[PDB]
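Heads up: the sequence shown begins at 26 in the deposited numbering, then just goes up one per residue.
No residue lacks a Cβ here, since even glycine has one placed at the ideal position from N, Cα and C.
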Amino acid sequence: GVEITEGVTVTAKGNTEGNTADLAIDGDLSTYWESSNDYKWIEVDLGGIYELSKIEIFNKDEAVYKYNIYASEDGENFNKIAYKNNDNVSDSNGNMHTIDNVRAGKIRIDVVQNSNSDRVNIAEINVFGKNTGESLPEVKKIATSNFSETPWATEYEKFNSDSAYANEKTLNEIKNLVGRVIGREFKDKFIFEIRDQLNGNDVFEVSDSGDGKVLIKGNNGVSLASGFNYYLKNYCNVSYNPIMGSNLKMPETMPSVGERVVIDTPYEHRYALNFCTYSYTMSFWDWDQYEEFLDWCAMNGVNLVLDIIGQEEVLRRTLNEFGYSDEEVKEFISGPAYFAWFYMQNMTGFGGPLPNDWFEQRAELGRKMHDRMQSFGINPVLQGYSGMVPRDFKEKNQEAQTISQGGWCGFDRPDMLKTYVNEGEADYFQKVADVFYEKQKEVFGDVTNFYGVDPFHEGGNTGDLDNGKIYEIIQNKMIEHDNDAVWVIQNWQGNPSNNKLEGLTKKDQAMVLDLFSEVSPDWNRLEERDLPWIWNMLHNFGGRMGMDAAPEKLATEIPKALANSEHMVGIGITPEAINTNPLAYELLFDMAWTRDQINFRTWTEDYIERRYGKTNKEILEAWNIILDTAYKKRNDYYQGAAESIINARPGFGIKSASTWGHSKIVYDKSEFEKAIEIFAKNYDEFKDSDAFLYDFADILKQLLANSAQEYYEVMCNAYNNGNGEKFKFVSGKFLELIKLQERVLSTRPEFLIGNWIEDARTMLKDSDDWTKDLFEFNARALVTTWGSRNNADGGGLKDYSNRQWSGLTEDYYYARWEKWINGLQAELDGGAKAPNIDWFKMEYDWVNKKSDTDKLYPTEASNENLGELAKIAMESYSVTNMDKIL
Ligand SMILES: CC(=O)N[C@@H]1[C@@H](O)[C@H](O)[C@@H](CO)O[C@H]1O
Ligand SMILES: [Ca+2]
Numbered sequence: 026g027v028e029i030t031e032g033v034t035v036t037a038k039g040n041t042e043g044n045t046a047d048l049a050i051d052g053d054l055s056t057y058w059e060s061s062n063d064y065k066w067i068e069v070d071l072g073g074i075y076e077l078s079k080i081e082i083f084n085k086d087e088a089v090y091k092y093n094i095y096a097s098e099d100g101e102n103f104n105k106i107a108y109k110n111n112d113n114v115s116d117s118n119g120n121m122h123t124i125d126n127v128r129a130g131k132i133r134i135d136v137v138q139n140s141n142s143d144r145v146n147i148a149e150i151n152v153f154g155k156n157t158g159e160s161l162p163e164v165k166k167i168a169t170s171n172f173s174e175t176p177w178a179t180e181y182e183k184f185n186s187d188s189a190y191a192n193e194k195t196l197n198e199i200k201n202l203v204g205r206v207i208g209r210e211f212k213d214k215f216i217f218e219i220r221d222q223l224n225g226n227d228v229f230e231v232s233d234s235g236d237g238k239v240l241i242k243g244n245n246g247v248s249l250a251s252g253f254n255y256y257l258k259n260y261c262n263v264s265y266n267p268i269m270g271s272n273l274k275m276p277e278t279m280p281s282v283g284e285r286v287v288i289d290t291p292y293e294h295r296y297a298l299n300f301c302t303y304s305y306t307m308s309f310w311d312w313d314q315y316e317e318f319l320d321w322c323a324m325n326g327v328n329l330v331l332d333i334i335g336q337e338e339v340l341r342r343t344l345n346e347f348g349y350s351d352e353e354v355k356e357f358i359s360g361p362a363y364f365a366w367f368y369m370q371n372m373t374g375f376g377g378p379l380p381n382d383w384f385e386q387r388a389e390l391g392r393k394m395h396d397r398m399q400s401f402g403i404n405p406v407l408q409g410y411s412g413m414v415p416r417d418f419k420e421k422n423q424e425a426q427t428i429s430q431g432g433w434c435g436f437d438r439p440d441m442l443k444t445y446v447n448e449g450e451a452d453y454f455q456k457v458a459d460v461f462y463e464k465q466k467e468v469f470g471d472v473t474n475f476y477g478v479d480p481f482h483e484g485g486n487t488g489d490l491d492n493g494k495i496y497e498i499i500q501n502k503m504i505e506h507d508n509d510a511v512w513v514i515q516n517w518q519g520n521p522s523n524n525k526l527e528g529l530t531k532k533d534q535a536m537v538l539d540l541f542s543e544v545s546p547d548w549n550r551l552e553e554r555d556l557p558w559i560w561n562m563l564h565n566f567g568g569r570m571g572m573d574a575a576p577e578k579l580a581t582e583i584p585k586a587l588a589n590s591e592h593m594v595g596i597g598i599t600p601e602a603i604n605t606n607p608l609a610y611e612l613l614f615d616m617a618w619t620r621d622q623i624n625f626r627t628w629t630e631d632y633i634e635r636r637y638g639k640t641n642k643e644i645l646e647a648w649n650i651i652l653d654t655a656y657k658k659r660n661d662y663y664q665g666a667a668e669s670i671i672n673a674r675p676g677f678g679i680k681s682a683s684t685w686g687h688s689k690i691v692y693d694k695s696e697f698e699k700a701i702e703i704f705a706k707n708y709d710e711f712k713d714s715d716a717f718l719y720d721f722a723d724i725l726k727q728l729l730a731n732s733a734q735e736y737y738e739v740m741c742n743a744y745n746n747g748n749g750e751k752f753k754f755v756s757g758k759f760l761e762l763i764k765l766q767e768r769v770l771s772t773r774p775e776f777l778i779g780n781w782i783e784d785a786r787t788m789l790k791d792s793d794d795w796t797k798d799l800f801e802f803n804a805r806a807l808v809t810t811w812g813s814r815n816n817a818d819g820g821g822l823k824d825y826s827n828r829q830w831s832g833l834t835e836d837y838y839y840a841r842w843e844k845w846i847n848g849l850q851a852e853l854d855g856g857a858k859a860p861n862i863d864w865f866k867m868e869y870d871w872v873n874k875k876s877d878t879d880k881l882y883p884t885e886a887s888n889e890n891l892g893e894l895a896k897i898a899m900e901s902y903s904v905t906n907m908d909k910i911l
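Here it is in structure tokens:
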């Protein structure tokens with residue numbers, strides 16, 4: 026007491042008809058707010074700041090509800106003050122929660138679960154407390170600096186206008202890179218020099234200084250870093266991969282180069298990054314992780330990188346000019362785990378709203394990246410504009426002409442402005458495009474000539490418009506704001522069509538990324554139309570894990586394409602995530618520095634020695650087995666690594682964990698298991714190499730994925746035959762297999778769900794609890810249900826980004842299999858026929874849990890012995906001994 030019965034108002038961001046937000050606070054138990062969408066929270070203003078003692082919640086029925094309650098005394102920070110997570114039914118008495126005299130002017134109530142419906146509701150909410158006499162402040166409006174006003178602009182222009190300064194900056198940065206990669210104590214062992222290009226091509230040199238130091242020349246920062254990398258790999262037996270295992274143990278004495286080497290590349294561009302990489306991998310990266318990535322990029326010859334960092338600020342400034350408040354902009358933009366599909370015009374809103382602090386922090390991060398990219402000579406690919414607008418754009422701008430784009434995986438696509446209109450009509454494409462390109466300038470300045478945009482990506486609608494004309498006008502608009510503009514276009518599943526592409530009047534100022542060149546190349550159509558294009562290895566889909574690579578194709582098809590083309594302007598990587606199969610990515614970028622086919626087998630032999638720091642005949646034998654099995658050339662169509670049955674929704678006839686995935690293992694499982702045996706035999710000798718431990722975990726989890734598929738078959742067979750005792754035994758072994766898998770996965774920091782989640786929760790500084798919880802939602806949802814019900818199920822996205830991760834395996838994958846198996850067992854045992862399980866309901870329950878109230882996942886890997894774990898797998902849990910195991 027006392028109850029707050031005067032002056033209290035409420036908002037919501039969605040409701041079903043009739044069931045408006047104000048109905049949560051009208052004193053009437055028979056009327057309710059109800060949610061219409063993925064915003065399932067209301068915000069209550071109390072008409073002043075009160076020290077709260079009690080909050081009372083009534084629901085419309087007797088379902089089981091779960092919810093989190095947040096309070097704010099400053100109007101900005103919403104911190105968690107109470108929650109319901111127990112399985113108690115709601116009833117006519119309501120739920121009463123004690124707060125401990127927390128000051129609050131506003132309250133948020135996020136109802137994350139209703140056992141009866143996808144929709145949530147609040148019939149009534151009563152707030153009790155003592156008036157402080159005070160009122161909330163305003164919220165000051167979102168304010169960001171203009172680039173030209175920042176120290177970043179001064180530095181960018183100085184580098185541009187002063188050669189001596191630029192060279193000193195670059196050379197010093199490359200020295201800083203050496204210190205970060207191998208240690209500060211190695212900086213003075215290298216001398217770096219700028220030189221010119223070799224016959225119009227990027228080039229490096231490595232040689233002896235004459236006094237025991239290493240002289241490295243390069244035409245720019247990336248050539249220099251590539252020379253450093255060449256030295257480490259070829260002379261020091263050192264291998265740098267900050268994401269997927271390194272060997273950084275330097276020799277006692279700096280090895281001599283001997284004969285000087287001069288190495289060039291025939292490719293103008295070496296490209297990195299899918300839009301998807303920004304979501305499946307990079308969602309919650311800090312500057313430390315970005316810096317590491319750029320160092321790896323430069324060392325691997327990368328000079329062209331997709332860049333969407335801080336684009337939310339560009340969009341904010343743009344839409345502010347066409348009748349959108351900052352709050353409406355926040356509702357349009359997705360959450361931090363979904364920018365890939367927001368910028369590809371596939372989805373809106375889901376995962377948001379982003380916090381007010383987001384905009385300045387990301388614009389700063391983007392500026393910081395561009396400074397480092399300038400130093401190295403890496404070209405970012407910024408954004409183009411093709412007509413993307415919110416669905417309410419016409420409501421706010423009545424003369425605008427738009428085309429509804431329909432749905433993508435159950436998400437509402439944003440609208441698209443008609444690229445051209447009739448005489449007499451207002452041309453808002455021209456209006457918004459002009460503003461977009463000018464706002465992008467204001468935020469980041471003139472940092473690139475490369476701009477990426479992709480209308481009609483995985484659907485949409487061209488309406489009444491001419492396809493060729495659409496692409497003509499988009500390109501023309503782009504060139505208008507930058508005369509040297511190059512429109513970077515994705516080639517995905519035969520789109521854009523030839524005659525979209527024939528619409529480009531300036532062929533030399535487009536560049537097409539052939540997205541999937543190592544499995545489904547589609548550059549012939551581009552070469553035929555004199556379109557500059559890049560050969561890309563996609564390789565990774567959704568961050569899904571498993572032993573999978575196409576080394577032979579990379580070693581052969583790339584120089585073959587160069588020899589058989591005139592418009593191949595680069596090679597690159599387009600992975601949906603960067604988390605898997607390091608061999609593939611290293612070989613890909615090595616292929617930039619040759620015009621000839623190489624031997625993928627002897628390449629691998631050299632690769633593993635520098636990756637582990639040592640090699641022997643047996644380790645070589647194990648890797649040849651991998652080359653003969655999991656990494657063997659194939660000629661079919663497939664999307665990513667063969668999926669683990671452990672990660673699939675339980676069921677009969679399972680052929681995949683994800684809708685567009687596959688579970689078929691196209692190589693002999695028992696042959697592959699020999700690699701694990703050899704690794705186990707050599708464990709104690711190689712255990713001081715982290716990259717060896719990484720690879721051992723990779724192949725062993727693959728062994729267990731492979732054998733689980735066989736055990737799953739047997740157990741389904743035992744069901745179908747009515748054999749209760751056999752099903753119990755085989756399903757028991759199947760569950761024990763998953764438990765062993767969890768132990769294997771626990772050995773790697775990169776396989777911990779706790780790191781993914783903690784990164785999300787800590788990615789900004791001075792976040793409130795609201796933002797941390799919402800970002801955790803983004804992290805949990807992306808790797809499981811992806812979206813809500815209509816996206817996971819009807820939309821086909823369920824388990825699209827499934828991960829063979831610790832914590833996730835035990836609490837999510839294992840839990841699903843356990844439930845289904847008890848159900849079948851209960852039936853076999855003279856039971857209750859087994860229920861249909863509403864899988865999404867169970868999955869989302871896990872999605873919505875919070876690290877500070879439910880269960881905190883560890884950020885620390887285990888000490889388990891992979892050699893000993895391999896032994897158990899071979900003995901108990903393998904295809905090889907499966908007949909003796911049963
Ligand atoms: C759900 C998902 O990630 N879909 C991606 C899509 O966003 C991307 O444009 C494309 C090409 O890389 O491939 C799909 O697999
Ligand atoms: Ca009511």
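Inter-residue CB distance, residue i and residue j (contact presumed, cutoff 8 Å)
{"i": "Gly-567", "j": "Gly-665", "result": "7 Å"}
{"i": "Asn-254", "j": "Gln-222", "result": "No, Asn-254 and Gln-222 are not in contact; Cβ-Cβ is about 19 Å, not under 8 Å."}
{"i": "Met-324", "j": "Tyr-265", "result": "6 Å"}
{"i": "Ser-688", "j": "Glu-767", "result": "Not really, about 20 Å apart at Cβ, beyond 8 Å."}
{"i": "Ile-167", "j": "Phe-229", "result": "About 45 Å; that fails the 8 Å criterion."}
{"i": "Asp-382", "j": "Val-206", "result": "With a Cβ gap of about 32 Å, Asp-382 and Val-206 do not count as contacting."}
Residue i classed as buried or exposed, judged by whether at least 16 other C-beta atoms fall within 10 angstroms
{"i": "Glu-193", "result": "exposed"}
{"i": "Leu-54", "result": "exposed"}
{"i": "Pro-162", "result": "exposed"}
{"i": "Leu-529", "result": "buried"}
{"i": "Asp-709", "result": "exposed"}
{"i": "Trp-685", "result": "exposed"}
{"i": "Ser-714", "result": "buried"}
{"i": "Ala-451", "result": "exposed"}
{"i": "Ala-189", "result": "exposed"}
{"i": "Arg-620", "result": "exposed"}
Beta-carbon contacts of residue i that lie in its chain and below 6 Å, excluding the five residues immediately before and after
{"i": "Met-572", "result": "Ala-655, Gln-727"}
Same chain only: Cβ atoms within 7 Å of residue i, ignoring 5 sequence neighbours per side
{"i": "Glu-317", "result": "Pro-267"}
{"i": "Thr-302", "result": "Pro-600, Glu-601, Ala-602, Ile-603"}
{"i": "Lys-238", "result": "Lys-214, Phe-215, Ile-216"}
Cβ shell of residue i (< 8 Å), same chain only, five flanking positions each side left out
{"i": "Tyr-662", "result": "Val-544, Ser-545"}
{"i": "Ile-703", "result": "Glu-643, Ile-644, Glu-646, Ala-647, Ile-650"}
{"i": "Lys-880", "result": "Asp-836, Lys-874"}
Within the chosen definition, does the region 497-507 reach the region 611-630 through at least 3 CB pairs nearer than 8 Å?
Judged by pairs of C-beta atoms under 8 Å, the region 497-507 does not touch the region 611-630, as fewer than three such pairs exist.
Flag this pair as touching only if the region 667-676 and the region 726-741 have three or more C-beta atom pairs under 8 Å; answer yes or no.
Result yes; three or more Cβ-Cβ pairs closer than 8 Å.
Is it a yes or a no for the region 614-621 touching the region 578-588, going by three-plus beta-carbon pairs under 8 Å?
Yes, they touch.
Count the CB pairs spanning the region 747-757 and the region 804-812 that are closer than 8 Å, and state whether there are at least three.
Too few Cβ pairs lie closer than 8 Å, so no.
Is there contact between the region 87-101 and the region 850-857, where contact requires at least three CB pairs shorter than 8 Å?
no
Tell me, please, whether the region 83-96 touches the region 132-152 by the rule of three or more beta-carbon pairs shorter than 8 Å.
yes
If you scan the region 324-376 from start to end, which runs of the alpha helix (DSSP H) of 4 or more residues do you find wholly inside it?
Those alpha helix (DSSP H) runs which fall completely within the region 324-376 and span 4+ residues are 336-344, 351-357, 364-368.
If we count Cβ pairs, one from each stretch, closer than 8 Å, do we get three or more for the region 440-455 versus the region 412-429?
yes
For the 8 Å Cβ check, are there 3 or more pairs between the region 424-439 and the region 366-383?
yes
Given 8 Å as the limit, is there contact between the region 209-216 and the region 283-296, that is, 3 or more CB pairs closer than that?
no
Pick out the complete beta strand (DSSP E) segments inside the region 448-502, 3 residues or longer, and give them in chain order.
475-477
For the region 114-124 against the region 71-80, are there 3 or more C-beta pairs whose distance is under 8 Å?
yes
Any beta strand (DSSP E) of 3 or more consecutive residues that is wholly inside the region 150-220:
215-219
With three or more beta-carbon pairs closer than 8 Å as the criterion, would you say the region 350-357 touches the region 478-487?
no
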